[PDB]
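>>> Quick one, structure for this:
(chains A and B)
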Amino acid sequence: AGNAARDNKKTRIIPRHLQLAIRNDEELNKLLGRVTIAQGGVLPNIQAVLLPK
DNA sequence: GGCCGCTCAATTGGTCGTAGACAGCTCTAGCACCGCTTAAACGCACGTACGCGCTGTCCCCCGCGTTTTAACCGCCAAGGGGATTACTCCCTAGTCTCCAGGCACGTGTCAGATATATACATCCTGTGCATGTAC
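Residues are numbered from 1 along each chain as shown, chains lettered A, B, ... in the order given. There you are, the coordinates:
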């Protein structure tokens, strides 16, 4: 989360950085799964094929 | 040229025996559950202390009503990739057998890490204040 904050041009850890920590690593992502993060949002995903040619 | 006469190879009908698998025992034995304790801690009833959640009027970017269009929806017919089903042989799944060995449980007694009485102390939570990060 602190690396996600520092990479995304910030320093104060907030729920978005926790969602970025959880969803970039498959073993956090399977451990938490269907649980939800207050104002963490969803990990960036403009879907393939819908991304224009 | 046609139909029925004697024989014997043929479906179609009731008791014997078994085996699965409950059903109800048919007890019976044992181990939990019930009984009637002795007892004390959590819950209620009770009030008390108070944020906290309802309910009042302000005010802007958001909600919502109409504009063309262009790419997406979905149709229609082509068209060729490929799934089903035809059929027989082949082989390994089923089945039960049985061994002999491992190891799950039984079950015995010993003993050590745990609960807990109570005695310490330092750990880390509410409030305040200093000041800098995301907007």
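>>> Around the spatially closest residue to residue A:10 that is not a sequence neighbour, how many other residues sit close by?
Distances taken as Cβ to Cβ, 6 or more residues apart in numbering place residue A:17 nearest to residue A:10, at 7.7 Å, with adjacent residues excluded. Using the backbone N, CA and C atoms, a C-beta is placed for each residue, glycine as well. By other Cβ atoms under 10 Å, the residues close to residue A:17 number 20.
>>> Report the contact partners of residue A:17.
A:1, A:2, A:4, A:5, A:8, A:10 (Cβ atoms under 8 Å, 6 or more residues apart in numbering).
>>> Remind me which helix or strand it belongs to.
Mapping residue A:17 onto the secondary structure by DSSP states H and E places it in helix A:15-24.
>>> can you give me the helices for chain A?
For chain A, the helices defined by DSSP state H cover A:2-7, A:15-24, A:26-32.
>>> Redo the ones you listed as a markdown table? Include distance to DNA strand B.
Supplementary listing: these in a markdown table, determined by distance: least, Cβ to the nearest atom of the strand, whole Å:
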| stretch | distance to DNA strand B |
| --- | --- |
| helix A:2-7 | 6 |
| helix A:15-24 | 9 |
| helix A:26-32 | 22 |
